[PDB]
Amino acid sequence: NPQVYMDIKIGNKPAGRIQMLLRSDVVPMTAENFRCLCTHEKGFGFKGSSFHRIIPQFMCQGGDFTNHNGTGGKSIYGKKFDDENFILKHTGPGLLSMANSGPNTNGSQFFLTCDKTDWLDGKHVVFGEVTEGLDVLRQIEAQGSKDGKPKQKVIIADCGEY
């Protein structure tokens, strides 16, 4: 299963690195998309993009590296891609799940959960989990607002795969 990382910067200040395991065994197309967006091996990806929507005790959303507001992003597949399956459930904090705009609209946007969010089960594809740096995810969450607006910008300063 791929392991990938993101170094996070908050306002001016390096916060640390989040390492993530991607569940290619469960959701191969989804895991591969996110992997390539971490390495930029297809010519584009997450580096320098932001977590543009952060809601405390809920989730930190990013991956909109085109419009930086929730309206953009793109998958490696040239088009949005289907929900692969909903086997993995939103059982606690520290999980990777795809943002979308309805069935079969996966692109590059994703969120890291900050609690168990089981009301999203069957609506969003979960595809990975944080293996180190849960505390950096907490620092991201610390910039959140009820309405999602970040108090300071949170940037993926660097990212890649191990």
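One-based numbering along the sequence shown.
Mean CA B-factor, 97-105 versus 50-58: the higher value falls on 97-105. Stretches compared: 129-137, 40-48. Higher mean C-alpha B-factor in the entry: 40-48.
When the modelled residues of the chain are ordered by C-alpha B-factor, residue 154 sits in the lowest third. Sort the modelled residues of the chain by CA B factor and residue 32 lands in the middle third. In the deposited entry, the Cα temperature factor of residue 142 places it in the lowest third of its chain's modelled residues.
In this PDB entry, the Cα temperature factor of residue 118 sits in the top third of its chain's modelled residues, the highest group. Ranked by Cα temperature factor within the chain, residue 15 sits in the highest third according to the deposited record.
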